[PDB]
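Undergrad: Got a structure here, written out as C-alpha cells. Questions coming.
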Amino acid sequence: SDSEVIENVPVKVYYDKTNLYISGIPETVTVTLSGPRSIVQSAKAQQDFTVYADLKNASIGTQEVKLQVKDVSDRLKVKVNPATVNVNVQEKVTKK
Ligand SMILES: [Cl-]
C-alpha cells in the first residue's frame, strides 16, 4: 500500500453557466490518495482524476458544497482538503 498527498489540485465547478456565476470555491485543494502503489503513482504522475463542486441543482444564493472526485481508479481511497466549501450562487442579471 502507498499514499500521496498532492497539493494545488484544481477544482472544477459545474452549474448553469448561462444564468449564474458562482464565487467562493477555492481554485485549488489538497488531495490525499491511498491504495496499490502502481495505481497511486500513476494518479500522481498524470493527475487525471478530477475534483469538482457540482452545483447543477443549486438555487440562487449562499450555501455549502462537498467536493467530489471522479475519473479516479476504483482501487484508491481519496479525500479532499477542504472537504466542503462555502459558495455564493449569483444570478448574472440583477433584478434590483
Ligand atoms: Cl463568495
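Undergrad: Within segment 53-62, can you find the residues that are touching a strand residue (DSSP E or B) at 6+ places or on another chain (Cβ under 6 Å) and either more than 16 Å from the ligand (Cβ to nearest atom) or in a helix (DSSP H, G or I) (or both)?
TA: Residues satisfying the conditions are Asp54, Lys56.
Undergrad: Let me ask you something else. How many residues are touching a residue at least 40 places away in the same chain (Cβ under 8 Å) and either surrounded by fewer than 16 Cβ atoms within 10 Å (Cβ to Cβ) or not in a strand (DSSP E or B) (or both) when one looks only at segment 76-92?
TA: Narrowing segment 76-92 to residues touching a residue at least 40 places away in the same chain (Cβ under 8 Å): 76-82, 85-92.
Remaining after also requiring either surrounded by fewer than 16 Cβ atoms within 10 Å (Cβ to Cβ) or not in a strand (DSSP E or B) (or both): 76-77, 79, 81-82, 86, 88, 91-92.
So the answer is 9.
Undergrad: Could you list all residues from segment 1-52 that are of a type in the set (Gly, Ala, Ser) and in a strand (DSSP E or B)?
TA: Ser3, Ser23, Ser34, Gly35
Undergrad: Exactly one condition in (1) in contact with an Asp or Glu (Cβ under 8 Å, 6 or more places away or on another chain); (2) loosely packed, with under 11 Cβ neighbours inside 10 Å; (3) of a type in the set (A, V, I, L, M) is not met by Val40; state its number.
TA: (2)
FYI, it's all coordinate maths here, none of it is from the lab. Here the Cβ is made from the backbone with ideal geometry for all residues, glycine too, and neighbour counts use every protein chain on show.
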